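Commentary on secondary and tertiary structure
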Amino acid sequence: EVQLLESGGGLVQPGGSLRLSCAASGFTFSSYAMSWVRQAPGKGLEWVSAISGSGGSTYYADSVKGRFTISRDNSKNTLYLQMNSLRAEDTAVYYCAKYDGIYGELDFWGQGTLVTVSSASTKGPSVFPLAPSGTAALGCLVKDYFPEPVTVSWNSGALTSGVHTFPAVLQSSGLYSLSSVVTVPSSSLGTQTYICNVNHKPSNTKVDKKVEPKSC
Amino acid sequence: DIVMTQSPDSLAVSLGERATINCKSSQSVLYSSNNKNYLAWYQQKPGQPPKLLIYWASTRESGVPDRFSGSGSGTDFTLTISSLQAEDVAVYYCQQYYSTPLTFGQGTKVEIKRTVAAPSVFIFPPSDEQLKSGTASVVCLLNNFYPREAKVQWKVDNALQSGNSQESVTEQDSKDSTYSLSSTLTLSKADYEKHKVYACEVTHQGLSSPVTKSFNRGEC
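Residues numbered from 1 in each chain as written, not as in the entry; some residues may be left out. Chains lettered and ligands numbered in written order. Heavy atoms only, no water.

As stated in the entry header, the method of structure determination is X-ray crystallography and the reported resolution is 2.00 Å.

In the nomenclature of the PDB entry, chain B is known as FAB LIGHT CHAIN of Homo sapiens. According to the PDB record, the title of this entry is "CRYSTAL STRUCTURE OF HUMAN GERMLINE ANTIBODY IGHV3-23/IGKV4-1".

By the naming in the PDB entry, chain A goes by FAB HEAVY CHAIN and is assigned to Homo sapiens.

Structure (structure tokens):
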């Protein structure tokens, strides 16, 4: 199937540089023009740059001209974005996007890669139980981490029904925190084990937290 | 640079009813040569990239249901979602691909208007492990409610707490069209151990009067 897999995003100092990659597959890469499109957290879509199928032609938004350089390697099936002199305003998820063969619209997008421009330090979360006391609620508090993102699953992905993993909020300390909760039958509390699987890849932090009613 | 302006910013429509989103481009995107409008509509669900719905102002992409239809020409354009389904909750973007730079509208959030549903409320004391680190987080959960408006008040021994909590809300659920909300009250371990009664009080349209969930520190 048609696929665009971005990589290379992460935390970088303001004034620093970063190179994004996008691995294209399932189609003839050189046949199509390609694009980079960004989305700042909670904001709209902003077209960044486009490159012709051969690479002979390149275009940029005014906000990125002279700082960013789009390029491609048709033998490797790869699109690049070299980003220099980064600013806090360049913080965004960056999407690789394919143009239509003839018409010229963006008809396929990758999952995106997060770029965070900040002088703040990488820090792994601490994970605390939200212990339960028909239906009971329990959860995990994933506290004090930077940068985004964290992933949370329950019972290694076996439990998905009734799970709510909340958007992270930035605390005044400049660190993120989030909760993940699940509602379960109260009769399950004695028998069924509930473990939240937390992964903060940016800091190499993996935690499994078993959550049960607190003992008296 | 062509400015794409969407209207409205936010839309709440009952399931099975019609949702219409307007898009106005500051220049005509109708290309004389082929008489086609260089206008596209995108759907973006939370956590996902935009998905192309409509190109040529009116042409439906493969795999996109009949209920999505695009119309208009020149500067004025409309996305119509007939028979709105719960899974259609998303932000919708128009985009001109007439000339560089490619430009997008600001987005329109489509929310589902369903019946009122009261939150189920739960309070969580801080863990012993966290307390040892010098901090106490107290969490209140409001689960599966509609509409989104809700008021959470934290009280510690009768004193209303202000400035020391943060809230986060989920995106409207794709199946049941409800929201959930977590509020986290944060205090020092020292402050926490100076007080007894910790209470979350929830006000919501679905509740005949506010619901309070509480615990006494140290008590089973």
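**A few points about the domain arrangement of chain B**
All names here are of chain B. We note that the domain assignment places domain 1 (1-113) and domain 2 (114-220) within chain B. Each of domain 1 and domain 2 has a C-alpha centre, and the two are 38 Å apart. On the domain 2 side, the residues contacting the eight residues of domain 1 number eight residues. Where domain 1 abuts domain 2, roughly 700 Å² becomes buried across the two surfaces, and 46% of that area is made up of carbon and sulfur atoms. The largest per-residue losses of area from domain 1 upon contact with domain 2 belong to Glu 111, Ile 112 and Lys 113, which jointly make up 46% of the total buried on that side. The interface formed by domain 1 and domain 2 includes one salt bridge. (Domains from an automatic or database assignment. Contact = heavy atoms within 4.5 Å. Buried area = accessible area lost by both parts, 1.4 Å probe. Salt bridge = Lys/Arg side-chain N within 4 Å of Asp/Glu carboxyl O.)

**What about the nonpolar core?**
Ranked by internal contacts, the top residues of the largest apolar core, which has 70 residues, are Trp 36 and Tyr 94 of chain A together with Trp 41 of chain B. Top contributing element to this core by residue count: strand β9 (residues 92-99) of chain A, with six residues. (Core = buried A, V, L, I, M, F, W, Y, C linked by side-chain atoms within 4.5 Å. Buried < 20%, exposed > 50% of the residue type's maximum accessible area, 1.4 Å probe, protein only. Helix = DSSP H or I, 4+ residues; strand = E, 2+ residues; numbered from the N terminus.)

**Things to note about the state of the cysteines**
Applying the stated criterion across every chain, the model contains five disulfides over all chains. In this model, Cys 216 of chain A is linked to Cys 220 of chain B through a disulfide, with the two sulfur atoms separated by 2.0 Å. Between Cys 216 of chain A and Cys 220 of chain B, the S-S dihedral sits near 85°, and the bridge is therefore right-handed. Of this pair, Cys 216 of chain A sits in the segment after β19 (205-210) while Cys 220 of chain B sits in the segment after β21 (211-216), placing the two residues on different chains. Its relative accessible area of 78% is what places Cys 216 of chain A among the exposed residues. Accessibility expressed as a relative area gives 79% for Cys 220 of chain B, which makes it exposed. At a sulfur-sulfur separation of 2.0 Å, the disulfide partner of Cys 140 of chain B is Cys 200 of chain B. Here the disulfide of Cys 140 of chain B and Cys 200 of chain B is left-handed, its torsion about the S-S bond being about -75°. Of this pair, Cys 140 of chain B sits in strand β15 (residues 135-145) while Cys 200 of chain B is found in strand β20 (residues 197-203), placing the two residues 60 residues apart along the sequence. The class for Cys 140 of chain B is buried, based on a relative accessible area of 0%. (Disulfide = S-S within 2.5 Å.)

**Observations concerning the sheet that holds strand β3 (residues 19-25) of chain B**
Residue and element names in this part refer to chain B. The sheet built from four strands is open, its strands ordered β1-β3-β10-β9 with antiparallel pairing. The open sheet has two free edges, formed respectively by β1 (4-7) and β9 (68-73), since each of these has just one partner strand. Between one strand axis and the next, the sheet turns through 20° on average, direction left out of account. Two strands pair when backbone bridges link them, and β3 and strand β10 (residues 76-81) are joined in this way by six bridges, in the antiparallel orientation. Paired with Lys 24 across the two strands is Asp 76, which belongs to β10. (Pairing = 2+ DSSP bridges. Axes fitted to C-alpha atoms, helices over the stretch in contact; angles between N-to-C directions.)

**What to know about the environment of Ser 71 of chain A**
Residue and element names in this part refer to chain A. Positionally, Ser 71 belongs in strand β7 (residues 68-73). The sequence separation of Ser 71 and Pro 41 amounts to 30 residues, and the corresponding C-alpha distance is 25 Å. Every residue in contact with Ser 71, bar those within four places of it in the chain, is listed here: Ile 51, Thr 78, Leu 79 and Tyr 80.

**Re the interface of chain A and chain B**
Put simply, an interface is often sized by how much accessible area is lost when its parts join up. Of the residues lining the interface, 41 residues belong to chain A; the matching set on chain B comes to 42 residues. Here chain A meets chain B over a buried area of about 3,300 Å², counting both sides, of which 66% is carbon and sulfur. If you sort the residues of chain A by the area they bury against chain B, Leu 45, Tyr 103 and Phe 166 of chain A come out on top, with a joint share of 18%. We note a salt bridge from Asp 128 of chain B to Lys 214 of chain A, for which the minimum N-O separation is 3.6 Å. Across the chain A-chain B interface, the total number found is six residue pairs in polar contact. Per element, the largest residue contribution to the side of chain A that touches chain B is six residues, and it comes from strand β13 (residues 135-145) of chain A. For the side of chain A that touches chain B, the class distribution of residues is 23 nonpolar, 11 polar and seven charged. (Polar contact = N/O pair within 3.5 Å; in protein donor to acceptor, adjacent residues only side chain to side chain. Nonpolar A, V, L, I, M, F, W, Y, C, P; charged D, E, K, R; others polar.)

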